[PDB]
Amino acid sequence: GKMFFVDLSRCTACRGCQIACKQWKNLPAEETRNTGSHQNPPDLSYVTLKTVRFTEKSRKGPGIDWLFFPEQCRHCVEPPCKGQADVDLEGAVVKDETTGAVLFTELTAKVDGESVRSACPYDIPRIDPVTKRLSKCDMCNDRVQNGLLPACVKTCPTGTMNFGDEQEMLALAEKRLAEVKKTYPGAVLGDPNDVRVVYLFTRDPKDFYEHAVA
């Protein structure tokens, strides 16, 4: 299938990915406030499939380690979200066989929304207060099937976002992990064997976000 390699050691937190995701699906803007952070929206929601999380970490010397985490569904090889939802209706959550995309269908209005979120070890699924539909990164499955890159991957100017065949993206992740380690010696690949969104973290993934790894 297909795979994302997210080299977080190249992220400028431009938030091109965040805007590009919404422009492609024509999703509506949330009502946001500044509460002493650049991060907005604060969390994922029904209308936000991806938000960039900002974390400041102290370091001796001048400046900080500014951690940027563009969060999306991991599109897991064995999705906990599916297994959970298939106890109510086998179809609400399906895996595309060709891409590997874990897709929530319209039948998620029937399943228990809060229960499919809890099953998720990355806390990705979000309910519509009205519809009761689960929504998240759909992998831009539309575009991938038609030979186009995902909107977030195309828009990314740093080479943080990569997408391709899982053989090629594994190869790039191993190669890049080795090179990045030379500057950030505690750099690790997020759940390489479980997920199709392989994040390269520069340090302890929990610093980027509490649910950055399973």
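Throughout, we count residues from 1 along the sequence that is shown.
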| item | value |
| --- | --- |
| Stretch with the greater mean C-alpha B-factor as recorded in the entry, comparing 4 to 12 against 203 to 211 | 203 to 211 |
| 64 to 72 or 166 to 174, whichever carries the higher mean Cα B-factor | 166 to 174 |
| Residue 95, C-alpha B-factor rank within chain (lowest, middle or highest third) | highest |
| Entry-reported Cα temperature factor of residue 140, expressed as the chain third it lands in | lowest |
| For residue 33, the third of its chain into which the C-alpha B factor falls | middle |
| Residue 154, C-alpha B-factor rank within chain (lowest, middle or highest third) | lowest |
| Relative C-alpha B-factor of residue 59, binned into the chain's lowest, middle or highest third | highest |
